[PDB]
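Colleague: Got a structure for you, written out below as structure tokens; questions coming shortly.
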Amino acid sequence: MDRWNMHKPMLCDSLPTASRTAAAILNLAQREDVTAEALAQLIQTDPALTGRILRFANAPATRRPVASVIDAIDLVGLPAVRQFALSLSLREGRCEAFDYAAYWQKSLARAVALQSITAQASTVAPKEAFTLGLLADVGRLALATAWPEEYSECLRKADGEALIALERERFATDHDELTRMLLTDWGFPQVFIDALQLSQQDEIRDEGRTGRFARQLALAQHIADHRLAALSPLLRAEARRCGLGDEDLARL
Ligand SMILES: [Cl-]
Ligand SMILES: [Cl-]
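Those letters in the sequence shown? Residues 19 to 79, 82 to 110, 115 to 253, 260 to 282, per the entry's author numbering, in order.
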């Protein structure tokens, strides 16, 4: 497991993967002849393994950072990435009150939504956006993994802003700050973290690419929450402001 460093909390190797997803990743990883593409498609359904891979690929010597499993593969080679995939052989999970299935389901759905949204726009590369969507709240997984019993207490007594406040008290960090710190450790440049933080405001007025990407993130989040539960006038207005064709996003 990973040590919890109070000054600079950081989990990566120890984050769990879903049993079914791990089984399938291992199956493919042990397959005699698997493509880079098939392996990446499968691996990028898992926030834990995706993070580890990005972090490895972005570690100080390398050269430019990557933000998708397929780009990591091109950069460091399929054999190295395969090693990380086979490492699952060696969880999901200890935090009693944390809904892991819900977390994994929502993370993928959001990744998929953000990819579609950005695919019809010109802000960021959709494969990189997918990854950010996948990882947008990986800080939740990390707290649940690091402090399973303490975090179960928090989860039973609070949600929303009150949960954030409770996390700060117990851990001197919260799941959103932790996410940004993780994403920063794993190689993402600050504009992406800022766009993510922006996307979490009640209302996103900000101009520029950062504002537009933030509105795209906010839309992926709210749309994903909606299916897995229409959009408010504000969100529709923000949707219109990025420019949106609809409405295969509100279902499938
Ligand atoms: Cl440490
Ligand atoms: Cl604990």
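Note that beta-carbon positions come from the ideal geometry of N, C-alpha and C, so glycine has one too.
Suppose only complete runs of 4+ residues qualify. What are the alpha helix (DSSP H) ranges in the stretch 164-208, listed by chain order?
Modeller: List check, alpha helix (DSSP H) in window: 172-181, 184-195.
Colleague: Smallest Cα separation from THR68: which of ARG83, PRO34, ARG281, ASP51?
Modeller: By one-based count along the sequence shown, residue 68 stands at place 50. Closest by alpha carbon: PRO34.
Colleague: So does the stretch 95-106 actually touch the stretch 208-217, counting three or more Cβ pairs closer than 8 Å?
Modeller: Contact fails: fewer than three Cβ-Cβ distances are below 8 Å.
Colleague: Return helix, strand or coil for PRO27, following the three-state DSSP convention.
Modeller: Position 9 of the sequence shown, counting from 1, holds the residue named residue 27. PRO27 falls in the coil class under three-state DSSP.
Colleague: Under 7 Å, CB to any heavy atom of ligand 1. Which residues pass, going along the chain?
Modeller: Counting every residue whose Cβ lies closer than 7 Å to a heavy atom of ligand 1, we get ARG21, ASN23.
Colleague: Are there 16 or more other CB atoms within 10 angstroms of the CB of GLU185, so buried, or fewer, so exposed?
Modeller: Numbered from 1 along the sequence shown, position 161 holds the residue referred to as residue 185. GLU185 is exposed by the Cβ-count criterion.
Colleague: With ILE228 as the anchor, note down where its alpha helix (DSSP H) starts and where it stops.
Modeller: Numbered from its first residue, the sequence shown carries residue 228 at position 204. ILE228 -> no alpha helix (DSSP H), and no H or E assigned at all.
Colleague: Tell me whether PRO172, by its Cβ, gets closer than 7 Å to a heavy atom of ligand 2.
Modeller: Position 148 of the sequence shown, counted from the start, is the residue given in the question as residue 172. It does: the Cβ of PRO172 is within 7 Å (strictly closer) of some heavy atom of ligand 2.
Colleague: In the DSSP assignment, the alpha helix (DSSP H) including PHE122 goes from what residue to what residue?
Modeller: Mapped onto the sequence shown, residue 122 falls at position 98. It is not in any alpha helix (DSSP H) - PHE122 carries neither H nor E in the DSSP assignment.
Colleague: Counting pairs of Cβ atoms below 8 Å between the stretch 124-134 and the stretch 83-95, do you hit three or more?
Modeller: They do not touch, by the three-pair rule.
Colleague: For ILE217, I'd like the list of residues in its chain whose CB is within less than 7 Å of its CB, leaving aside the five on either flank, ordered along the chain.
Modeller: Residue numbering aside, residue 217 sits at position 193 when the sequence shown is read from its first letter. Here the set comprises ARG204, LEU207, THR208.
Colleague: Since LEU106 and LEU44 are thought to touch, with beta carbons under 8 Å apart, how far apart are those beta carbons, to the nearest angstrom?
Modeller: Within the sequence shown, the letter at position 86 stands for residue 106. Within the sequence shown, the letter at position 26 stands for residue 44. So it is a contact: roughly 7 Å between Cβ atoms.
Colleague: Mind checking whether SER140 and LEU261 have CB atoms under 8 Å apart?
Modeller: Your numbering for residue 140 matches position 116 in the sequence shown. Your numbering for residue 261 matches position 231 in the sequence shown. Not in contact: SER140 and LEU261 (Cβ atoms no closer than 8 Å).
Colleague: Count the other CB atoms within 10 Å of the CB of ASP276; is the residue buried (16 or more) or exposed (fewer)?
Modeller: Along the sequence shown, one-based indexing puts residue 276 at 246. It is exposed - the Cβ of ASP276 has fewer than 16 other Cβ atoms within 10 Å.
Colleague: Indicate the three-state DSSP secondary structure (helix, strand or coil) for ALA149 in the structure shown.
Modeller: As a position in the sequence shown, residue 149 is number 125, starting the count at 1. Note: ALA149 maps to coil in three-state DSSP.
Colleague: Label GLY273 either buried or exposed according to how many other C-beta atoms from any shown protein chain fall within 10 Å of its C-beta, with 16 as the threshold for buried.
Modeller: In the sequence shown, counting from the first residue as 1, residue 273 sits at position 243. Under this definition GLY273 is an exposed residue.
Colleague: Could you give the C-beta distance for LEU222 and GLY235, rounded to a whole number, given that I count them as a contact under 8 Å?
Modeller: Taking the first residue of the sequence shown as position 1, residue 222 is located at position 198. Taking the first residue of the sequence shown as position 1, residue 235 is located at position 211. Correct: roughly 7 Å between the Cβ atoms.
Colleague: Please classify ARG239 as buried or exposed, where buried requires at least 16 other C-beta atoms within 10 Å of its C-beta.
Modeller: Here residue 239 refers to the residue found at position 215 of the sequence shown. By the 10 Å Cβ count, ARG239 comes out buried.
Colleague: Along the chain, where does the alpha helix (DSSP H) containing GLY69 start, and where does it finish?
Modeller: Counting from one through the sequence shown, the residue named residue 69 turns up at place 51. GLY69 -> alpha helix (DSSP H) spans 65-76.
Colleague: Residues in the same chain with beta-carbon distance under 6 Å from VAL86, minus the five sequence neighbours each way, listed in chain order, please.
Modeller: Position 66 of the sequence shown, counted from the first residue, corresponds to residue 86. Closer than 6 Å at the Cβ level, and outside the excluded window around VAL86, lie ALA75, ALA92, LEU95.
Colleague: Which stretch, first to last residue, makes up the alpha helix (DSSP H) that contains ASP218?
Modeller: Locating residue 218 in the sequence shown gives position 194, counting from the first residue. 214-222 is the extent of the alpha helix (DSSP H) around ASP218.
Colleague: May I have the straight-line CA-CA distance separating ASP200 from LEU98, to the nearest angstrom?
Modeller: To locate residue 200, count along the sequence shown from 1; it is residue 176. To locate residue 98, count along the sequence shown from 1; it is residue 78. Distance between the alpha carbons of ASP200 and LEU98 is about 32 Å.
Colleague: In whole angstroms, what is the alpha-carbon distance linking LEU165 and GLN62?
Modeller: In the sequence shown, counting from the first residue as 1, residue 165 sits at position 141. In the sequence shown, counting from the first residue as 1, residue 62 sits at position 44. If I take the Cα positions, the gap works out to 16 Å.
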